[PDB]
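*Asks:* The sequence isn't on hand, but the structure is:
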(Lines give C-alpha, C1' and ligand atoms only; values in the text may rest on other atoms or scores of the structure.)
Protein backbone atom coordinates (compact mmCIF):
# COMPACT_ATOMS: atom_id res chain seq x y z
CA UNK A 1 0.00 0.00 0.00
CA UNK A 2 3.07 2.27 0.59
CA UNK A 3 6.92 2.28 0.54
CA UNK A 4 7.13 0.03 3.69
CA UNK A 5 5.16 -2.74 1.96
CA UNK A 6 7.01 -2.05 -1.34
CA UNK A 7 10.43 -2.80 0.24
CA UNK A 8 9.01 -5.83 2.15
CA UNK A 9 7.43 -7.26 -1.08
CA UNK A 10 10.74 -6.86 -3.00
CA UNK A 11 12.58 -8.90 -0.29
CA UNK A 12 9.86 -11.57 -0.09
CA UNK A 13 9.58 -12.13 -3.88
CA UNK A 14 13.33 -12.73 -4.50
CA UNK A 15 14.95 -13.62 -1.13
CA UNK A 16 12.58 -16.07 0.65
CA UNK A 17 11.89 -19.80 0.40
CA UNK A 18 9.63 -22.12 2.38
CA UNK A 19 11.83 -24.30 4.66
CA UNK A 20 10.42 -27.52 6.22
CA UNK A 21 12.16 -29.39 9.08
CA UNK A 22 10.75 -32.03 11.51
CA UNK A 23 9.65 -29.05 13.73
CA UNK A 24 7.42 -27.34 11.04
CA UNK A 25 7.27 -24.98 8.00
CA UNK A 26 9.26 -21.69 8.30
CA UNK A 27 9.78 -18.53 6.26
CA UNK A 28 13.51 -18.68 5.42
CA UNK A 29 15.42 -15.54 4.31
CA UNK A 30 18.18 -16.11 1.65
CA UNK A 31 21.02 -13.59 2.25
CA UNK A 32 23.69 -14.25 -0.47
CA UNK A 33 25.01 -17.18 -2.61
CA UNK A 34 23.49 -20.39 -1.05
CA UNK A 35 23.45 -18.94 2.51
CA UNK A 36 20.10 -18.47 4.36
CA UNK A 37 18.85 -17.95 7.97
CA UNK A 38 16.14 -19.67 10.06
CA UNK A 39 15.26 -19.64 13.79
CA UNK A 40 17.50 -22.06 15.74
CA UNK A 41 14.39 -23.80 17.19
CA UNK A 42 13.69 -25.18 13.60
CA UNK A 43 16.41 -27.76 14.53
CA UNK A 44 17.98 -27.97 11.04
CA UNK A 45 19.47 -31.43 10.26
CA UNK A 46 21.50 -32.99 7.39
CA UNK A 47 18.46 -32.69 5.01
CA UNK A 48 15.84 -29.90 4.76
CA UNK A 49 12.92 -29.35 2.32
CA UNK A 50 13.18 -26.05 0.35
CA UNK A 51 9.95 -25.21 -1.59
CA UNK A 52 9.16 -29.02 -1.16
CA UNK A 53 12.55 -30.06 -2.80
CA UNK A 54 14.75 -32.49 -0.76
CA UNK A 55 17.98 -30.45 -0.16
CA UNK A 56 21.31 -31.44 1.50
CA UNK A 57 22.50 -29.00 4.22
CA UNK A 58 26.20 -28.31 3.49
CA UNK A 59 26.75 -26.39 6.79
CA UNK A 60 24.61 -25.10 9.69
CA UNK A 61 25.76 -22.86 12.58
CA UNK A 62 23.61 -21.80 15.60
CA UNK A 63 24.91 -18.32 16.47
CA UNK A 64 25.73 -17.33 20.07
CA UNK A 65 27.19 -14.03 21.32
CA UNK A 66 30.65 -13.77 22.97
CA UNK A 67 28.94 -14.23 26.40
CA UNK A 68 28.04 -17.76 24.99
CA UNK A 69 24.34 -16.65 25.03
CA UNK A 70 21.82 -17.94 22.41
CA UNK A 71 21.00 -15.46 19.54
CA UNK A 72 18.29 -17.83 18.04
CA UNK A 73 19.71 -17.41 14.46
CA UNK A 74 20.95 -20.46 12.53
CA UNK A 75 22.97 -19.77 9.35
CA UNK A 76 22.48 -22.53 6.76
CA UNK A 77 24.38 -23.23 3.53
CA UNK A 78 22.07 -25.12 1.10
CA UNK A 79 23.09 -27.58 -1.68
CA UNK A 80 20.90 -25.59 -4.14
CA UNK A 81 21.54 -25.07 -7.89
CA UNK A 82 20.81 -21.33 -7.72
CA UNK A 83 22.14 -18.32 -5.73
CA UNK A 84 20.11 -15.72 -3.81
CA UNK A 85 20.28 -12.06 -4.78
CA UNK A 86 22.93 -10.58 -2.44
CA UNK A 87 21.01 -8.39 0.13
CA UNK A 88 23.87 -7.95 2.65
CA UNK A 89 24.02 -4.14 1.95
CA UNK A 90 20.46 -3.89 3.47
CA UNK A 91 21.62 -5.36 6.86
CA UNK A 92 22.28 -2.94 9.76
CA UNK A 93 25.82 -2.77 11.18
CA UNK A 94 24.79 -2.07 14.84
CA UNK A 95 22.01 -2.90 17.39
CA UNK A 96 19.28 -0.21 17.07
CA UNK A 97 15.62 0.77 17.55
CA UNK A 98 13.43 1.38 14.42
CA UNK A 99 10.17 3.06 13.37
CA UNK A 100 7.47 1.71 11.03
CA UNK A 101 8.54 -1.97 10.55
CA UNK A 102 6.72 -4.65 8.47
CA UNK A 103 6.75 -8.37 9.34
CA UNK A 104 6.35 -10.50 6.15
CA UNK A 105 5.53 -14.26 6.09
CA UNK A 106 5.29 -16.73 3.24
CA UNK A 107 4.19 -20.31 4.07
CA UNK A 108 1.56 -22.85 2.82
CA UNK A 109 -0.56 -21.60 5.85
CA UNK A 110 0.14 -17.79 5.42
CA UNK A 111 0.91 -16.92 1.72
CA UNK A 112 1.86 -13.31 0.85
CA UNK A 113 1.16 -12.02 4.42
CA UNK A 114 2.43 -8.51 5.37
CA UNK A 115 1.83 -7.12 8.92
CA UNK A 116 2.53 -3.46 9.78
CA UNK A 117 3.95 -3.96 13.32
CA UNK A 118 5.02 -0.30 13.90
CA UNK A 119 7.73 0.82 16.35
CA UNK A 120 10.54 -1.73 17.09
CA UNK A 121 12.39 -1.59 20.50
CA UNK A 122 15.95 -2.89 21.06
CA UNK A 123 14.69 -5.12 23.95
CA UNK A 124 18.00 -7.02 24.48
CA UNK A 125 17.58 -9.90 26.95
CA UNK A 126 14.56 -12.25 26.68
CA UNK A 127 13.85 -15.64 28.26
CA UNK A 128 12.58 -17.23 25.00
CA UNK A 129 10.79 -20.59 25.60
CA UNK A 130 13.02 -21.00 28.73
CA UNK A 131 16.30 -20.11 26.87
CA UNK A 132 18.20 -16.89 27.80
CA UNK A 133 18.52 -15.03 24.44
CA UNK A 134 20.24 -11.71 23.50
CA UNK A 135 19.79 -9.08 20.70
CA UNK A 136 15.94 -9.36 20.73
CA UNK A 137 13.77 -6.75 18.95
CA UNK A 138 10.19 -6.27 20.29
CA UNK A 139 7.03 -4.98 18.52
CA UNK A 140 3.49 -4.51 19.84
CA UNK A 141 1.65 -6.97 17.60
CA UNK A 142 -0.15 -10.20 18.71
CA UNK A 143 1.84 -12.53 16.39
CA UNK A 144 0.87 -16.27 16.19
CA UNK A 145 2.14 -19.80 15.52
CA UNK A 146 3.22 -19.89 11.82
CA UNK A 147 4.98 -16.47 11.69
CA UNK A 148 8.42 -17.82 12.88
CA UNK A 149 11.20 -16.95 10.44
CA UNK A 150 9.07 -14.05 9.14
CA UNK A 151 11.23 -11.18 7.89
CA UNK A 152 11.22 -7.82 9.73
CA UNK A 153 12.00 -4.85 7.45
CA UNK A 154 11.93 -1.06 7.42
CA UNK A 155 12.12 1.03 4.22
CA UNK A 156 15.69 0.23 3.12
CA UNK A 157 16.73 -2.28 5.86
CA UNK A 158 16.30 -5.98 6.68
CA UNK A 159 16.59 -5.91 10.50
CA UNK A 160 15.52 -9.32 11.92
CA UNK A 161 13.61 -12.63 11.77
CA UNK A 162 10.53 -13.37 13.94
CA UNK A 163 11.34 -15.99 16.69
CA UNK A 164 8.40 -15.79 19.17
CA UNK A 165 5.61 -13.93 20.96
CA UNK A 166 3.67 -13.75 24.27
CA UNK A 167 0.15 -13.16 22.75
CA UNK A 168 0.46 -9.28 22.90
CA UNK A 169 4.09 -8.67 21.77
CA UNK A 170 6.24 -10.30 19.06
CA UNK A 171 10.02 -10.83 19.20
CA UNK A 172 12.66 -10.99 16.45
CA UNK A 173 16.36 -11.89 16.47
CA UNK A 174 18.58 -9.10 15.06
CA UNK A 175 20.30 -9.56 11.71
CA UNK A 176 23.72 -7.78 11.65
CA UNK A 177 26.02 -7.33 8.60
CA UNK A 178 28.93 -8.86 10.67
CA UNK A 179 27.12 -12.27 10.70
CA UNK A 180 27.54 -12.66 6.86
CA UNK A 181 31.07 -11.34 6.07
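*Replies:* Sure, I can see it. Residues are numbered from 1 along each chain as shown.

*Asks:* Helices of the chain, start to end?
*Replies:* With DSSP state H, the ranges of helices along the chain come out as 3-15.

*Asks:* Now do the contacts for the residue nearest the centre of the chain.
*Replies:* Nearest to the geometric centre of the chain sits residue 161, at 2.4 Å (Cα atoms, centre = their mean). With contact set as Cβ atoms under 8 Å, 6 or more residues apart in numbering, residue 161 has these partners: 27, 29, 37-39, 73, 149-152, 172-173, 175. C-beta: built from backbone N, CA, C; applies to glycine.

*Asks:* which one of those sits closest to residue 99?
*Replies:* Among these, residue 152 lies closest to residue 99 (Cβ to Cβ), at 12.5 Å.

*Asks:* excluding its backbone neighbours, what's nearest the closest one?
*Replies:* residue 160 (4.2 Å; Cβ to Cβ, 6 or more residues apart in numbering).

*Asks:* I'd like to know how many residues surround the nearest residue to residue 87 once chain neighbours are set aside.
*Replies:* Excluding the flanking residues, the one nearest residue 87 by Cβ to Cβ, 6+ apart is residue 15, at 5.4 Å. By other Cβ atoms under 10 Å, 20 other residues sit near residue 15.

*Asks:* which residues in this structure form strands?
*Replies:* For the chain, applying DSSP state E gives strands covering 16-21, 24-32, 35-39, 47-50, 53-64, 70-78, 98-105, 113-128, 131-139, 151-154, 157-165, 170-174.

*Asks:* Could you list every helix and strand that the second one packs against?
*Replies:* So that's strand 24-32. Applying 3 or more Cβ pairs under 8 Å, 6 or more residues apart in numbering; DSSP states H and E, one finds that strand 24-32 makes contact with helix 3-15, strand 16-21, strand 35-39, strand 157-165.

*Asks:* Wait, residue 172 touches residue 135, no?
*Replies:* No - judged on Cβ atoms under 8 Å, residue 172 makes no contact with residue 135 at a distance of 9.4 Å.

*Asks:* Looking at those two, which is more packed in?
*Replies:* Ranked by neighbour count (other Cβ under 10 Å), residue 172 and residue 135 place residue 172 first, with 29 against 23.

*Asks:* residue contacts, residue 126?
*Replies:* Residue 126 makes contact with 133, 136, 138, 164, 171 under the criterion Cβ under 8 Å, 6+ apart.

*Asks:* hmm, 7 Å instead?
*Replies:* 133, 136, 171 (Cβ atoms under 7 Å, 6 or more residues apart in numbering).

*Asks:* For the last one, which non-adjacent residue is spatially closest?
*Replies:* The one in question is residue 171. Leaving aside its chain neighbours, residue 171 sits nearest to residue 164 (4.7 Å; criterion: Cβ to Cβ, 6+ apart).
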